[PDB]
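So this block is entry12.pdb, PDB, C-alpha atoms and all ligand atoms:
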```
MODEL        1
ATOM      1  CA  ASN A   1      96.404-158.288  51.187  1.00  0.00           C
ATOM      2  CA  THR A   2      92.678-158.909  51.341  1.00  0.00           C
ATOM      3  CA  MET A   3      90.187-159.590  54.117  1.00  0.00           C
ATOM      4  CA  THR A   4      89.082-163.226  53.984  1.00  0.00           C
ATOM      5  CA  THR A   5      87.143-165.670  56.087  1.00  0.00           C
ATOM      6  CA  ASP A   6      88.163-169.228  57.059  1.00  0.00           C
ATOM      7  CA  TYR A   7      86.071-170.698  54.204  1.00  0.00           C
ATOM      8  CA  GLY A   8      87.681-174.146  54.057  1.00  0.00           C
ATOM      9  CA  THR A   9      85.343-175.417  56.740  1.00  0.00           C
ATOM     10  CA  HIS A  10      82.324-174.489  54.641  1.00  0.00           C
ATOM     11  CA  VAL A  11      83.789-175.944  51.425  1.00  0.00           C
ATOM     12  CA  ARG A  12      84.320-179.224  53.250  1.00  0.00           C
ATOM     13  CA  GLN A  13      80.838-179.237  54.749  1.00  0.00           C
ATOM     14  CA  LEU A  14      79.189-178.448  51.405  1.00  0.00           C
ATOM     15  CA  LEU A  15      81.088-181.191  49.637  1.00  0.00           C
ATOM     16  CA  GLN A  16      80.383-183.707  52.400  1.00  0.00           C
ATOM     17  CA  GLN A  17      76.669-182.938  52.412  1.00  0.00           C
ATOM     18  CA  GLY A  18      76.410-183.088  48.598  1.00  0.00           C
ATOM     19  CA  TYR A  19      75.728-179.440  47.819  1.00  0.00           C
ATOM     20  CA  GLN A  20      76.960-177.779  44.660  1.00  0.00           C
ATOM     21  CA  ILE A  21      79.605-175.122  45.032  1.00  0.00           C
ATOM     22  CA  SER A  22      79.699-171.943  42.992  1.00  0.00           C
ATOM     23  CA  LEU A  23      80.988-168.400  43.481  1.00  0.00           C
ATOM     24  CA  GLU A  24      80.225-164.825  42.367  1.00  0.00           C
ATOM     25  CA  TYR A  25      82.148-161.554  42.524  1.00  0.00           C
ATOM     26  CA  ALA A  26      81.702-157.845  42.608  1.00  0.00           C
ATOM     27  CA  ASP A  27      83.763-154.679  42.410  1.00  0.00           C
ATOM     28  CA  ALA A  28      82.869-151.780  44.689  1.00  0.00           C
ATOM     29  CA  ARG A  29      80.281-150.370  42.253  1.00  0.00           C
ATOM     30  CA  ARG A  30      78.515-153.708  41.868  1.00  0.00           C
ATOM     31  CA  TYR A  31      78.783-154.596  45.550  1.00  0.00           C
ATOM     32  CA  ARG A  32      77.139-151.251  46.405  1.00  0.00           C
ATOM     33  CA  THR A  33      74.090-152.287  44.346  1.00  0.00           C
ATOM     34  CA  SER A  34      74.204-156.092  45.081  1.00  0.00           C
ATOM     35  CA  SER A  35      74.727-156.799  41.374  1.00  0.00           C
ATOM     36  CA  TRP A  36      77.033-159.762  41.732  1.00  0.00           C
ATOM     37  CA  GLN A  37      78.683-161.109  38.597  1.00  0.00           C
ATOM     38  CA  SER A  38      78.616-164.828  37.866  1.00  0.00           C
ATOM     39  CA  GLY A  39      81.603-166.934  38.741  1.00  0.00           C
ATOM     40  CA  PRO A  40      82.297-170.588  38.259  1.00  0.00           C
ATOM     41  CA  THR A  41      80.439-173.687  39.274  1.00  0.00           C
ATOM     42  CA  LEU A  42      83.095-176.008  40.611  1.00  0.00           C
ATOM     43  CA  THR A  43      82.477-179.585  39.443  1.00  0.00           C
ATOM     44  CA  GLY A  44      85.189-181.262  41.491  1.00  0.00           C
ATOM     45  CA  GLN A  45      84.161-183.208  44.545  1.00  0.00           C
ATOM     46  CA  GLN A  46      87.743-183.421  45.769  1.00  0.00           C
ATOM     47  CA  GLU A  47      88.241-180.919  48.536  1.00  0.00           C
ATOM     48  CA  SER A  48      91.840-180.246  47.471  1.00  0.00           C
ATOM     49  CA  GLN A  49      90.827-179.439  43.874  1.00  0.00           C
ATOM     50  CA  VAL A  50      88.010-177.088  44.961  1.00  0.00           C
ATOM     51  CA  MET A  51      90.266-175.315  47.469  1.00  0.00           C
ATOM     52  CA  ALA A  52      92.975-174.874  44.863  1.00  0.00           C
ATOM     53  CA  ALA A  53      90.424-173.422  42.424  1.00  0.00           C
ATOM     54  CA  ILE A  54      89.095-170.997  45.040  1.00  0.00           C
ATOM     55  CA  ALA A  55      92.614-169.840  45.926  1.00  0.00           C
ATOM     56  CA  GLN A  56      93.286-168.910  42.297  1.00  0.00           C
ATOM     57  CA  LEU A  57      89.980-167.142  42.078  1.00  0.00           C
ATOM     58  CA  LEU A  58      90.589-165.075  45.189  1.00  0.00           C
ATOM     59  CA  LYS A  59      93.971-164.061  43.823  1.00  0.00           C
ATOM     60  CA  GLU A  60      92.367-162.879  40.553  1.00  0.00           C
ATOM     61  CA  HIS A  61      89.751-160.878  42.535  1.00  0.00           C
ATOM     62  CA  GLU A  62      92.106-159.225  44.994  1.00  0.00           C
ATOM     63  CA  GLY A  63      90.621-155.841  45.733  1.00  0.00           C
ATOM     64  CA  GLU A  64      87.128-157.122  44.983  1.00  0.00           C
ATOM     65  CA  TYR A  65      84.409-159.032  46.810  1.00  0.00           C
ATOM     66  CA  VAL A  66      83.830-162.768  46.389  1.00  0.00           C
ATOM     67  CA  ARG A  67      80.841-164.763  47.674  1.00  0.00           C
ATOM     68  CA  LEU A  68      80.892-168.550  48.094  1.00  0.00           C
ATOM     69  CA  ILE A  69      77.569-170.212  47.341  1.00  0.00           C
ATOM     70  CA  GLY A  70      76.154-173.655  48.139  1.00  0.00           C
ATOM     71  CA  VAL A  71      73.131-174.899  46.172  1.00  0.00           C
ATOM     72  CA  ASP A  72      70.780-177.827  46.654  1.00  0.00           C
ATOM     73  CA  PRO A  73      71.094-179.609  43.287  1.00  0.00           C
ATOM     74  CA  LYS A  74      67.559-180.917  43.427  1.00  0.00           C
ATOM     75  CA  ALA A  75      65.727-177.754  44.517  1.00  0.00           C
ATOM     76  CA  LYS A  76      68.146-175.352  42.786  1.00  0.00           C
ATOM     77  CA  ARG A  77      68.022-173.004  45.755  1.00  0.00           C
ATOM     78  CA  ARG A  78      70.875-171.579  47.766  1.00  0.00           C
ATOM     79  CA  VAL A  79      71.563-173.252  51.112  1.00  0.00           C
ATOM     80  CA  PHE A  80      74.754-171.320  51.889  1.00  0.00           C
ATOM     81  CA  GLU A  81      76.213-167.906  51.135  1.00  0.00           C
ATOM     82  CA  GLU A  82      79.258-166.191  52.634  1.00  0.00           C
ATOM     83  CA  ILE A  83      81.364-163.270  51.558  1.00  0.00           C
ATOM     84  CA  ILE A  84      84.734-164.964  51.750  1.00  0.00           C
ATOM     85  CA  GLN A  85      86.836-162.064  50.466  1.00  0.00           C
ATOM     86  CA  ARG A  86      86.501-158.298  50.735  1.00  0.00           C
ATOM     87  CA  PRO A  87      88.919-155.533  49.802  1.00  0.00           C
ATOM     88  CA  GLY A  88      91.650-155.120  52.403  1.00  0.00           C
TER      89      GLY A  88
HETATM   90 CL    CL B   1      87.204-177.916  41.318  1.00  0.00          CL
HETATM   91 CO    CO B   2      81.887-168.852  58.107  1.00  0.00          CO
ENDMDL
END
```

Would you write out, as structure tokens, the structure that this file holds?
Amino acid sequence: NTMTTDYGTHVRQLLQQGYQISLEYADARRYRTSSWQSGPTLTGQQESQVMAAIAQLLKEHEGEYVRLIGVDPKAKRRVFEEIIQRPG
């Protein structure tokens, strides 16, 4: 298994507040140097669709790190970041 946080609450809050969701990932080498690799920008606004997408993603990145990102669409700056999965 992997170490995860209870990220559904943040997904829901980001969607409800109108922030754009994206993610990024890193293996141990890239985590050690903060060189995250780009993941998807999730266009759905349906909480169930976003959560299903993130679950597939976390399964693909088992053994790696994954960071959930919220962005202000207007300012294009990050309003939220959390490492939602780490190696277990
Ligand atoms: Cl989605
Ligand atoms: Co949290």

Wanna dump the chain A-ligand CL 1 (chain B) contacts at 10 Å for me, each residue with its shortest atom pair and the distance in Å to one decimal, counting all atoms listed in the file, ordered by chain and number, as a tab-separated table?
```
residue	atom	partner	partner_atom	distance
A:21	CA	B:CL1	CL	8.9
A:22	CA	B:CL1	CL	9.7
A:40	CA	B:CL1	CL	9.3
A:41	CA	B:CL1	CL	8.2
A:42	CA	B:CL1	CL	4.6
A:43	CA	B:CL1	CL	5.4
A:44	CA	B:CL1	CL	3.9
A:45	CA	B:CL1	CL	6.9
A:46	CA	B:CL1	CL	7.1
A:47	CA	B:CL1	CL	7.9
A:48	CA	B:CL1	CL	8.0
A:49	CA	B:CL1	CL	4.7
A:50	CA	B:CL1	CL	3.8
A:51	CA	B:CL1	CL	7.3
A:52	CA	B:CL1	CL	7.4
A:53	CA	B:CL1	CL	5.6
A:54	CA	B:CL1	CL	8.1
```

Using all atoms listed in the file, what does the table of chain A residues within 8 Å of ligand CO 2 (chain B) look like, with each row giving the shortest atom pair and its distance in Å to one decimal, sorted by chain and ascending number, as a tab-separated table?
```
residue	atom	partner	partner_atom	distance
A:5	CA	B:CO2	CO	6.5
A:6	CA	B:CO2	CO	6.4
A:7	CA	B:CO2	CO	6.0
A:9	CA	B:CO2	CO	7.5
A:10	CA	B:CO2	CO	6.6
A:82	CA	B:CO2	CO	6.6
A:84	CA	B:CO2	CO	8.0
```

Give the padded box for stretch 32-43 of chain A as AutoDock Vina command-line options: axis-aligned, covering all atoms listed in the file, 4 Å on each side, centre and edge lengths in Å to one decimal.
```
--center_x 78.6 --center_y -165.4 --center_z 42.1 --size_x 17.0 --size_y 36.3 --size_z 16.5
```

Mind running stretch 5-25 of chain A against stretch 69-73 of chain A at 8 Å and telling me each contacting residue's nearest atom pair with the distance in Å (one decimal), counting only C-alpha atoms, chain and number ascending, as JSON lines?
```
{"residue": "A:14", "atom": "CA", "partner": "A:70", "partner_atom": "CA", "distance": 6.5}
{"residue": "A:18", "atom": "CA", "partner": "A:72", "partner_atom": "CA", "distance": 7.9}
{"residue": "A:19", "atom": "CA", "partner": "A:72", "partner_atom": "CA", "distance": 5.3}
{"residue": "A:20", "atom": "CA", "partner": "A:71", "partner_atom": "CA", "distance": 5.0}
{"residue": "A:21", "atom": "CA", "partner": "A:70", "partner_atom": "CA", "distance": 4.9}
{"residue": "A:22", "atom": "CA", "partner": "A:69", "partner_atom": "CA", "distance": 5.1}
{"residue": "A:23", "atom": "CA", "partner": "A:69", "partner_atom": "CA", "distance": 5.5}
{"residue": "A:24", "atom": "CA", "partner": "A:69", "partner_atom": "CA", "distance": 7.8}
```

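Among the candidates A:80, A:31, A:36, A:65, the residue lying nearest to residue A:17 is A:80 (atoms considered: only C-alpha atoms).
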
Please return stretch 27-44 of chain A, rebuilt to N, CA, C and O atoms, as a PDB file, in the frame of the given file.
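Just written: out-v8.pdb:
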```pdb
ATOM      1  N   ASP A  27      82.947-155.833  42.080  1.00  0.00           N
ATOM      2  CA  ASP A  27      83.763-154.679  42.410  1.00  0.00           C
ATOM      3  C   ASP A  27      82.949-153.782  43.319  1.00  0.00           C
ATOM      4  O   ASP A  27      81.822-154.095  43.661  1.00  0.00           O
ATOM      5  N   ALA A  28      83.537-152.646  43.730  1.00  0.00           N
ATOM      6  CA  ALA A  28      82.869-151.780  44.689  1.00  0.00           C
ATOM      7  C   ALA A  28      81.543-151.252  44.141  1.00  0.00           C
ATOM      8  O   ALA A  28      80.535-151.249  44.852  1.00  0.00           O
ATOM      9  N   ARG A  29      81.508-150.883  42.854  1.00  0.00           N
ATOM     10  CA  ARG A  29      80.281-150.370  42.253  1.00  0.00           C
ATOM     11  C   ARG A  29      79.189-151.427  42.297  1.00  0.00           C
ATOM     12  O   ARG A  29      78.059-151.161  42.704  1.00  0.00           O
ATOM     13  N   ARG A  30      79.522-152.657  41.910  1.00  0.00           N
ATOM     14  CA  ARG A  30      78.515-153.708  41.868  1.00  0.00           C
ATOM     15  C   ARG A  30      78.156-154.197  43.265  1.00  0.00           C
ATOM     16  O   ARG A  30      77.004-154.552  43.516  1.00  0.00           O
ATOM     17  N   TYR A  31      79.119-154.225  44.182  1.00  0.00           N
ATOM     18  CA  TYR A  31      78.783-154.596  45.550  1.00  0.00           C
ATOM     19  C   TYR A  31      77.773-153.612  46.129  1.00  0.00           C
ATOM     20  O   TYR A  31      76.783-154.032  46.737  1.00  0.00           O
ATOM     21  N   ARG A  32      77.987-152.312  45.865  1.00  0.00           N
ATOM     22  CA  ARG A  32      77.139-151.251  46.405  1.00  0.00           C
ATOM     23  C   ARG A  32      75.691-151.404  45.964  1.00  0.00           C
ATOM     24  O   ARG A  32      74.783-150.927  46.653  1.00  0.00           O
ATOM     25  N   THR A  33      75.444-152.062  44.837  1.00  0.00           N
ATOM     26  CA  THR A  33      74.090-152.287  44.346  1.00  0.00           C
ATOM     27  C   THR A  33      73.685-153.764  44.356  1.00  0.00           C
ATOM     28  O   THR A  33      72.663-154.106  43.753  1.00  0.00           O
ATOM     29  N   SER A  34      74.475-154.648  44.997  1.00  0.00           N
ATOM     30  CA  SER A  34      74.204-156.092  45.081  1.00  0.00           C
ATOM     31  C   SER A  34      74.037-156.747  43.711  1.00  0.00           C
ATOM     32  O   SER A  34      73.258-157.685  43.541  1.00  0.00           O
ATOM     33  N   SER A  35      74.807-156.282  42.735  1.00  0.00           N
ATOM     34  CA  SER A  35      74.727-156.799  41.374  1.00  0.00           C
ATOM     35  C   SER A  35      75.934-157.690  41.143  1.00  0.00           C
ATOM     36  O   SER A  35      76.843-157.366  40.387  1.00  0.00           O
ATOM     37  N   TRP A  36      75.919-158.832  41.820  1.00  0.00           N
ATOM     38  CA  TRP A  36      77.033-159.762  41.732  1.00  0.00           C
ATOM     39  C   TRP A  36      77.160-160.281  40.304  1.00  0.00           C
ATOM     40  O   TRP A  36      76.180-160.455  39.582  1.00  0.00           O
ATOM     41  N   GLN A  37      78.393-160.541  39.906  1.00  0.00           N
ATOM     42  CA  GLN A  37      78.683-161.109  38.597  1.00  0.00           C
ATOM     43  C   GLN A  37      78.978-162.596  38.743  1.00  0.00           C
ATOM     44  O   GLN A  37      79.613-163.031  39.702  1.00  0.00           O
ATOM     45  N   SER A  38      78.535-163.376  37.779  1.00  0.00           N
ATOM     46  CA  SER A  38      78.616-164.828  37.866  1.00  0.00           C
ATOM     47  C   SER A  38      80.058-165.338  37.814  1.00  0.00           C
ATOM     48  O   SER A  38      80.851-164.958  36.951  1.00  0.00           O
ATOM     49  N   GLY A  39      80.385-166.217  38.746  1.00  0.00           N
ATOM     50  CA  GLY A  39      81.603-166.934  38.741  1.00  0.00           C
ATOM     51  C   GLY A  39      81.380-168.379  38.409  1.00  0.00           C
ATOM     52  O   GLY A  39      80.360-168.735  37.867  1.00  0.00           O
ATOM     53  N   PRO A  40      82.358-169.224  38.716  1.00  0.00           N
ATOM     54  CA  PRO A  40      82.297-170.588  38.259  1.00  0.00           C
ATOM     55  C   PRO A  40      81.445-171.438  39.164  1.00  0.00           C
ATOM     56  O   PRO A  40      81.228-171.152  40.346  1.00  0.00           O
ATOM     57  N   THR A  41      80.987-172.525  38.570  1.00  0.00           N
ATOM     58  CA  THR A  41      80.439-173.687  39.274  1.00  0.00           C
ATOM     59  C   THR A  41      81.512-174.756  39.281  1.00  0.00           C
ATOM     60  O   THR A  41      81.997-175.180  38.216  1.00  0.00           O
ATOM     61  N   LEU A  42      81.930-175.137  40.461  1.00  0.00           N
ATOM     62  CA  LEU A  42      83.095-176.008  40.611  1.00  0.00           C
ATOM     63  C   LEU A  42      82.637-177.452  40.688  1.00  0.00           C
ATOM     64  O   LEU A  42      82.079-177.875  41.705  1.00  0.00           O
ATOM     65  N   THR A  43      82.951-178.216  39.633  1.00  0.00           N
ATOM     66  CA  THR A  43      82.477-179.585  39.443  1.00  0.00           C
ATOM     67  C   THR A  43      83.232-180.591  40.287  1.00  0.00           C
ATOM     68  O   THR A  43      82.736-181.702  40.496  1.00  0.00           O
ATOM     69  N   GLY A  44      84.443-180.278  40.732  1.00  0.00           N
ATOM     70  CA  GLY A  44      85.189-181.262  41.491  1.00  0.00           C
ATOM     71  C   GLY A  44      84.447-181.606  42.764  1.00  0.00           C
ATOM     72  O   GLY A  44      83.708-180.786  43.319  1.00  0.00           O
TER      73      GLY A  44
END
```
